[PDB]
file input-v1.cif (mmCIF, C-alpha atoms and all ligand atoms)
data_work
loop_
_atom_site.label_atom_id
_atom_site.label_comp_id
_atom_site.auth_asym_id
_atom_site.auth_seq_id
_atom_site.Cartn_x
_atom_site.Cartn_y
_atom_site.Cartn_z
CA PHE Q 1 -9.38 -11.19 -1.30
CA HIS Q 2 -10.29 -10.18 2.24
CA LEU Q 3 -12.39 -11.11 5.23
CA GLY Q 4 -15.69 -9.44 5.97
CA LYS Q 5 -17.97 -6.84 4.47
CA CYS Q 6 -16.73 -4.23 1.98
CA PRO Q 7 -15.09 -1.21 3.59
CA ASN Q 8 -17.22 1.88 3.20
CA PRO Q 9 -14.79 4.84 3.36
CA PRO Q 10 -16.25 8.39 3.33
CA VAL Q 11 -16.23 9.92 -0.15
CA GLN Q 12 -15.23 13.38 -1.36
CA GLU Q 13 -17.32 16.08 0.32
CA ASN Q 14 -19.24 18.57 -1.84
CA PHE Q 15 -18.26 16.60 -4.94
CA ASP Q 16 -18.68 18.64 -8.14
CA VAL Q 17 -19.03 16.29 -11.11
CA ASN Q 18 -18.63 19.27 -13.49
CA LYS Q 19 -15.00 19.70 -12.47
CA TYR Q 20 -14.17 15.97 -12.80
CA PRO Q 21 -14.14 15.41 -16.62
CA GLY Q 22 -11.15 15.37 -18.94
CA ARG Q 23 -8.00 13.26 -18.88
CA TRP Q 24 -6.68 11.45 -15.79
CA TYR Q 25 -3.46 9.44 -15.81
CA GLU Q 26 -3.12 6.33 -13.64
CA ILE Q 27 -0.32 6.85 -11.09
CA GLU Q 28 -0.78 3.78 -8.81
CA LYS Q 29 -3.38 1.04 -8.47
CA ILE Q 30 -4.26 -2.22 -6.82
CA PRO Q 31 -3.60 -4.51 -9.84
CA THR Q 32 -6.69 -6.13 -11.35
CA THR Q 33 -4.63 -8.59 -13.38
CA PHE Q 34 -1.01 -9.84 -13.56
CA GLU Q 35 -0.91 -8.84 -17.29
CA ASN Q 36 0.43 -5.66 -18.88
CA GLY Q 37 -0.23 -1.78 -19.51
CA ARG Q 38 1.92 1.44 -19.42
CA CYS Q 39 1.06 5.15 -20.02
CA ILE Q 40 -2.42 4.36 -18.67
CA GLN Q 41 -4.93 7.20 -19.06
CA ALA Q 42 -8.69 7.61 -19.04
CA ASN Q 43 -10.74 10.36 -20.63
CA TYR Q 44 -14.04 11.24 -18.99
CA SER Q 45 -16.74 13.21 -20.75
CA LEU Q 46 -19.87 14.37 -18.88
CA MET Q 47 -23.24 13.85 -20.60
CA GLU Q 48 -26.88 15.38 -20.27
CA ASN Q 49 -28.16 13.11 -17.80
CA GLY Q 50 -25.07 13.12 -15.58
CA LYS Q 51 -23.77 9.94 -17.17
CA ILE Q 52 -20.01 10.02 -17.77
CA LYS Q 53 -18.47 8.35 -20.81
CA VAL Q 54 -15.06 6.81 -20.08
CA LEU Q 55 -12.35 5.97 -22.63
CA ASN Q 56 -9.43 4.03 -21.06
CA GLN Q 57 -6.26 3.61 -23.08
CA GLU Q 58 -2.88 2.02 -22.45
CA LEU Q 59 0.29 1.22 -24.36
CA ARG Q 60 1.69 -2.29 -24.34
CA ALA Q 61 5.38 -3.24 -24.34
CA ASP Q 62 5.31 -3.58 -28.14
CA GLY Q 63 3.91 -0.06 -28.48
CA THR Q 64 0.39 -1.11 -29.51
CA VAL Q 65 -2.61 0.54 -27.83
CA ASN Q 66 -5.34 -1.25 -25.92
CA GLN Q 67 -8.60 0.66 -25.39
CA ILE Q 68 -11.86 0.09 -23.55
CA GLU Q 69 -14.99 2.29 -23.50
CA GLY Q 70 -17.42 2.49 -20.60
CA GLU Q 71 -19.96 4.59 -18.82
CA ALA Q 72 -20.25 5.79 -15.21
CA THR Q 73 -23.74 6.43 -13.77
CA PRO Q 74 -24.40 7.91 -10.28
CA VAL Q 75 -25.58 5.02 -8.01
CA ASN Q 76 -27.89 7.29 -6.03
CA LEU Q 77 -29.39 10.75 -5.69
CA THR Q 78 -27.81 11.47 -2.28
CA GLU Q 79 -24.07 11.08 -2.93
CA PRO Q 80 -22.74 12.30 -6.30
CA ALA Q 81 -19.23 10.87 -5.61
CA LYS Q 82 -20.65 7.30 -5.52
CA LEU Q 83 -21.01 6.11 -9.12
CA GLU Q 84 -20.97 2.71 -10.80
CA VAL Q 85 -19.08 1.94 -14.01
CA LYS Q 86 -19.84 -0.53 -16.80
CA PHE Q 87 -17.38 -1.28 -19.66
CA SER Q 88 -18.95 -4.34 -21.34
CA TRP Q 89 -22.53 -5.50 -21.92
CA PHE Q 90 -21.77 -8.80 -20.18
CA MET Q 91 -20.15 -7.32 -17.05
CA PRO Q 92 -22.27 -6.19 -14.07
CA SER Q 93 -21.47 -2.62 -12.96
CA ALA Q 94 -18.71 -2.08 -10.39
CA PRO Q 95 -18.67 0.69 -7.77
CA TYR Q 96 -16.67 3.79 -8.64
CA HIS Q 97 -16.33 5.84 -5.48
CA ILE Q 98 -14.37 9.05 -5.51
CA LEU Q 99 -12.79 9.16 -2.04
CA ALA Q 100 -10.81 12.38 -2.60
CA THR Q 101 -10.06 14.84 -5.38
CA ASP Q 102 -8.99 18.41 -5.85
CA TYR Q 103 -10.15 18.27 -9.52
CA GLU Q 104 -6.90 19.85 -10.80
CA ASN Q 105 -4.19 17.53 -9.54
CA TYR Q 106 -5.29 14.20 -8.01
CA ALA Q 107 -8.18 11.78 -7.47
CA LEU Q 108 -8.46 8.65 -5.36
CA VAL Q 109 -11.01 6.14 -6.65
CA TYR Q 110 -12.14 3.03 -4.74
CA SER Q 111 -14.18 -0.05 -5.74
CA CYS Q 112 -15.27 -3.04 -3.64
CA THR Q 113 -17.28 -6.13 -4.57
CA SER Q 114 -18.64 -8.78 -2.19
CA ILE Q 115 -18.08 -12.53 -2.45
CA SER Q 116 -21.02 -13.32 -0.13
CA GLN Q 117 -21.26 -11.13 2.99
CA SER Q 118 -18.27 -12.98 4.44
CA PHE Q 119 -15.56 -11.93 1.95
CA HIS Q 120 -14.74 -9.17 -0.50
CA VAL Q 121 -12.21 -8.01 -3.09
CA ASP Q 122 -11.30 -4.38 -3.45
CA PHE Q 123 -9.40 -2.06 -5.76
CA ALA Q 124 -8.13 1.50 -5.77
CA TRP Q 125 -6.59 3.90 -8.25
CA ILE Q 126 -4.64 7.09 -7.61
CA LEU Q 127 -5.09 9.34 -10.64
CA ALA Q 128 -3.53 12.62 -11.64
CA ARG Q 129 -3.91 15.40 -14.22
CA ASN Q 130 -0.14 15.26 -14.75
CA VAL Q 131 1.96 12.09 -15.25
CA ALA Q 132 3.28 12.22 -11.67
CA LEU Q 133 2.33 13.44 -8.20
CA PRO Q 134 4.34 14.67 -5.22
CA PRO Q 135 5.27 11.70 -2.98
CA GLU Q 136 3.50 13.43 -0.10
CA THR Q 137 0.19 13.54 -2.06
CA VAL Q 138 0.51 9.82 -2.91
CA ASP Q 139 1.22 9.15 0.82
CA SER Q 140 -1.78 11.21 1.96
CA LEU Q 141 -4.05 9.30 -0.41
CA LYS Q 142 -2.74 5.91 0.66
CA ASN Q 143 -3.31 7.02 4.29
CA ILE Q 144 -7.00 7.44 3.46
CA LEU Q 145 -7.09 3.79 2.29
CA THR Q 146 -5.10 2.52 5.29
CA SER Q 147 -7.21 4.41 7.80
CA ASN Q 148 -10.31 2.67 6.33
CA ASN Q 149 -8.82 -0.84 6.60
CA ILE Q 150 -8.00 -1.05 2.91
CA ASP Q 151 -4.60 -2.69 2.26
CA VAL Q 152 -2.18 -0.60 0.13
CA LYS Q 153 0.75 -3.02 0.15
CA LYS Q 154 -0.15 -4.71 -3.17
CA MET Q 155 -0.31 -1.35 -5.01
CA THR Q 156 1.95 -0.94 -8.03
CA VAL Q 157 3.39 2.18 -9.65
CA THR Q 158 2.12 2.59 -13.22
CA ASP Q 159 4.82 3.30 -15.81
CA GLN Q 160 4.24 6.92 -16.91
CA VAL Q 161 7.98 7.30 -17.73
CA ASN Q 162 8.33 5.15 -20.90
CA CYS Q 163 5.60 7.12 -22.55
CA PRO Q 164 4.89 9.77 -25.17
CA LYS Q 165 4.67 13.43 -24.31
CA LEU Q 166 0.99 14.32 -24.66
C1 LIG M 201 -7.33 5.20 -15.28
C2 LIG M 201 -8.66 5.29 -14.59
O1 LIG M 201 -9.33 6.31 -14.63
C3 LIG M 201 -9.17 4.08 -13.82
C4 LIG M 201 -10.24 4.38 -12.75
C5 LIG M 201 -11.30 3.28 -12.87
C6 LIG M 201 -10.59 2.22 -13.71
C7 LIG M 201 -11.38 1.06 -14.35
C8 LIG M 201 -12.32 0.40 -13.33
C9 LIG M 201 -12.91 -0.87 -13.92
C10 LIG M 201 -11.82 -1.74 -14.50
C11 LIG M 201 -11.67 -2.97 -14.00
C12 LIG M 201 -11.10 -4.04 -14.82
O2 LIG M 201 -11.41 -5.20 -14.54
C13 LIG M 201 -10.16 -3.70 -15.97
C14 LIG M 201 -9.76 -2.22 -15.88
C15 LIG M 201 -10.89 -1.22 -15.58
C16 LIG M 201 -11.65 -1.01 -16.90
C17 LIG M 201 -10.33 0.09 -14.97
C18 LIG M 201 -9.33 0.80 -15.92
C19 LIG M 201 -8.72 2.07 -15.31
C20 LIG M 201 -9.76 3.01 -14.72
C21 LIG M 201 -10.64 3.71 -15.78
#

call {"tool": "encode", "arguments": {"input": "input-v1.cif", "output": "structure tokens", "more": "lines below"}}
Ligand SMILES: CC(=O)[C@H]1CC[C@H]2[C@@H]3CCC4=CC(=O)CC[C@]4(C)[C@H]3CC[C@]12C
result
Amino acid sequence: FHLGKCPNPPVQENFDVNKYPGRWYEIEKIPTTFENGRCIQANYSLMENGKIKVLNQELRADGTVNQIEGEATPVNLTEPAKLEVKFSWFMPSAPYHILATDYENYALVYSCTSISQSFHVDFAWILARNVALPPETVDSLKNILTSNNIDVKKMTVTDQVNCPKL
């Protein structure tokens, strides 16, 4: 919960949606809730229209699996790295902005929602193709956030250690 209008960081230049699909593991995020997933992964599959189906899955402490299915749609025709995502019929879409990705190793995703023009809440996820990233990559991605006035101090490391080999 923050003062002012939503930050509007630059997004990934020359973004190629065709190289984005497949499985991404969650490495770090701004937590959305104080409750509980590990081994967090999302599978993206690119459709005919440029819509992207998203299947998010996580393991809970008791070893059960929680899943949610959603769809990402480009918000506009100018900037292919600015999408919006919807997971439930009853939930308005949320921005899904790809700030940086090399398609083969990492992606930084940002989302911000206003609470009037005077306040906002924002979120960010560092994703990877593998279950871990070099500390210097994580640092470089957090620097993007910081340099755009997005706070990284509340970010948590997702447990990719107590997890199956997939
Ligand atoms: C792991 C991953 O790719 C991240 C990037 C965008 C993330 C989603 C963005 C929307 C979202 C917000 C919530 O309120 C619950 C979790 C979810 C449903 C997120 C789950 C993890 C996702 C899918």

call {"tool": "residues_near_ligand", "arguments": {"input": "input-v1.cif", "ligand": "ligand LIG 201 (chain M)", "cutoff": "7 Å", "atoms": "all atoms listed in the file", "output": "list in words"}}
result
residues 24, 25, 26, 32, 40, 41, 42, 54, 56, 68, 85, 87, 94, 96, 109, 125 and 127 of chain Q

call {"tool": "write_last_selection", "arguments": {"input": "input-v1.cif", "atoms": "C-alpha atoms", "output": "CSV table (one decimal), keeping the file's coordinate frame"}}
result
chain,number,residue,atom,x,y,z
Q,24,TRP,CA,-6.7,11.4,-15.8
Q,25,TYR,CA,-3.5,9.4,-15.8
Q,26,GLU,CA,-3.1,6.3,-13.6
Q,32,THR,CA,-6.7,-6.1,-11.4
Q,40,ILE,CA,-2.4,4.4,-18.7
Q,41,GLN,CA,-4.9,7.2,-19.1
Q,42,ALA,CA,-8.7,7.6,-19.0
Q,54,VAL,CA,-15.1,6.8,-20.1
Q,56,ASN,CA,-9.4,4.0,-21.1
Q,68,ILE,CA,-11.9,0.1,-23.6
Q,85,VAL,CA,-19.1,1.9,-14.0
Q,87,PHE,CA,-17.4,-1.3,-19.7
Q,94,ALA,CA,-18.7,-2.1,-10.4
Q,96,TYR,CA,-16.7,3.8,-8.6
Q,109,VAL,CA,-11.0,6.1,-6.6
Q,125,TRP,CA,-6.6,3.9,-8.2
Q,127,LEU,CA,-5.1,9.3,-10.6

call {"tool": "residues_near_point", "arguments": {"input": "input-v1.cif", "point": "(-10.6, 13.5, -6.8)", "cutoff": "12 Å", "atoms": "only C-alpha atoms", "output": "JSON, numbers by chain"}}
result
{"Q": [11, 12, 13, 14, 15, 16, 17, 18, 19, 20, 21, 24, 81, 82, 96, 97, 98, 99, 100, 101, 102, 103, 104, 105, 106, 107, 108, 109, 110, 125, 126, 127, 128, 129, 137, 141]}

call {"tool": "residues_near_point", "arguments": {"input": "input-v1.cif", "point": "(-5.0, 0.6, -23.4)", "cutoff": "12 Å", "atoms": "only C-alpha atoms", "output": "PDB file with C-alpha atoms, in the coordinates of the input"}}
result
ATOM      1  CA  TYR Q  25      -3.460   9.440 -15.810  1.00  0.00           C
ATOM      2  CA  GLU Q  26      -3.120   6.330 -13.640  1.00  0.00           C
ATOM      3  CA  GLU Q  35      -0.910  -8.840 -17.290  1.00  0.00           C
ATOM      4  CA  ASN Q  36       0.430  -5.660 -18.880  1.00  0.00           C
ATOM      5  CA  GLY Q  37      -0.230  -1.780 -19.510  1.00  0.00           C
ATOM      6  CA  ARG Q  38       1.920   1.440 -19.420  1.00  0.00           C
ATOM      7  CA  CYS Q  39       1.060   5.150 -20.020  1.00  0.00           C
ATOM      8  CA  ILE Q  40      -2.420   4.360 -18.670  1.00  0.00           C
ATOM      9  CA  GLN Q  41      -4.930   7.200 -19.060  1.00  0.00           C
ATOM     10  CA  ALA Q  42      -8.690   7.610 -19.040  1.00  0.00           C
ATOM     11  CA  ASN Q  43     -10.740  10.360 -20.630  1.00  0.00           C
ATOM     12  CA  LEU Q  55     -12.350   5.970 -22.630  1.00  0.00           C
ATOM     13  CA  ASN Q  56      -9.430   4.030 -21.060  1.00  0.00           C
ATOM     14  CA  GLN Q  57      -6.260   3.610 -23.080  1.00  0.00           C
ATOM     15  CA  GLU Q  58      -2.880   2.020 -22.450  1.00  0.00           C
ATOM     16  CA  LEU Q  59       0.290   1.220 -24.360  1.00  0.00           C
ATOM     17  CA  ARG Q  60       1.690  -2.290 -24.340  1.00  0.00           C
ATOM     18  CA  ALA Q  61       5.380  -3.240 -24.340  1.00  0.00           C
ATOM     19  CA  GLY Q  63       3.910  -0.060 -28.480  1.00  0.00           C
ATOM     20  CA  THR Q  64       0.390  -1.110 -29.510  1.00  0.00           C
ATOM     21  CA  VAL Q  65      -2.610   0.540 -27.830  1.00  0.00           C
ATOM     22  CA  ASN Q  66      -5.340  -1.250 -25.920  1.00  0.00           C
ATOM     23  CA  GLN Q  67      -8.600   0.660 -25.390  1.00  0.00           C
ATOM     24  CA  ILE Q  68     -11.860   0.090 -23.550  1.00  0.00           C
ATOM     25  CA  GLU Q  69     -14.990   2.290 -23.500  1.00  0.00           C
TER      26      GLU Q  69
END

call {"tool": "residues_around", "arguments": {"input": "input-v1.cif", "residues": "residue Q:112", "least_positions_apart": "5", "cutoff": "12 Å", "atoms": "all atoms listed in the file", "output": "ChimeraX atom specification"}}
result
/Q:1-2,4-9,30,32,82,84,93-97,119-124,150

call {"tool": "closest_residue", "arguments": {"input": "input-v1.cif", "among": "Q:144, Q:152, Q:47, Q:70", "to": "residue Q:91", "atoms": "all atoms listed in the file"}}
result
Q:70

call {"tool": "atom_distance", "arguments": {"input": "input-v1.cif", "atom1": "atom CA of residue Q:90", "atom2": "atom CA of residue Q:113"}}
result
16.5 Å

call {"tool": "atom_distance", "arguments": {"input": "input-v1.cif", "atom1": "atom CA of residue Q:154", "atom2": "atom CA of residue Q:22"}}
result
27.8 Å

call {"tool": "closest_residue", "arguments": {"input": "input-v1.cif", "among": "Q:156, Q:76, Q:45, Q:162", "to": "residue Q:31", "atoms": "only C-alpha atoms"}}
result
Q:156
